[PDB]
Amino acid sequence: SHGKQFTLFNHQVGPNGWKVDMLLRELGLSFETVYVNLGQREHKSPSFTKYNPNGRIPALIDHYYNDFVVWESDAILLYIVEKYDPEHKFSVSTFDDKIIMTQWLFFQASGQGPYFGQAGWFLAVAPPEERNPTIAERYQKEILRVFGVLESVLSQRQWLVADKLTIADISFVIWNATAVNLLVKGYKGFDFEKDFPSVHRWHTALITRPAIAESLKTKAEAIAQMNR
């Protein structure tokens, strides 16, 4: 055996580390996965805050680059493509394209994750008796708004930037899957394909890619295994 290139600190249920898992699989990069257990607050212990002072997953250690550490899922995506996507299979080369890819990543990080996450909190993930569908509705409406925004551009472009698949597209996949299957499933008649057909086209193209499909399957199995 040989030590793998990366350690990815991930979680079975939480969406965010799976963006990085998807990219690592797409690029064929070697990595071990360590599930940080949020219930014993392992993520808030010195042993993990030494990697991320924010004490949230994911974080990535690059063992083949002097154990360099990066946290924030979308910064990790940028780190990986800058250093390990020299053919720009999932990224871009020109300044103009790079800054717009970054813009879309910031939109994902500030406008998708946090709001979709509040829906998740109030609907499904908060302790059962702290859940609250009324407050959740504010964030379900924000999910639909974000879907509307994505619809407005994807009806006229195949991919978010430079007419090619990049980490900008990949970064949205895990929370969109969570929204479609949980957060707005059954919400005011929500029907993904009918209501947001361009977003559905793009999302479907993403999740049917073998690396991304494999990532989603791995997540489902990891969740299942928690109760083994």
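Residue numbers here begin at 1 and follow the sequence given.
- If you average the C-alpha B-factors over 124-132 and over 143-151, the higher value belongs to 124-132.
- In this entry, 210-218 has the higher mean Cα B-factor, the comparison being between 15-23 and 210-218.
- Per the PDB entry, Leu182 shows the highest C-alpha temperature factor of the residues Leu182, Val199, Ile167, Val161.
- The entry assigns its greatest Cα B factor, within the set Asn52, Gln40, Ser30, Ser171, to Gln40.
- In the PDB entry, a CA B factor belonging to the highest third of its chain's modelled residues is recorded for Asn227.
- Ranked within its chain, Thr94 lands in the highest third, by CA B factor from the PDB record.
- In this PDB entry, the Cα temperature factor of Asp62 sits in the bottom third of its chain's modelled residues, the lowest group.
- Among the modelled residues of the chain, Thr7 sits in the middle third by CA temperature factor in this PDB entry.
- Annotation for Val70: CA B-factor lies in the lowest third of the chain's modelled residues.
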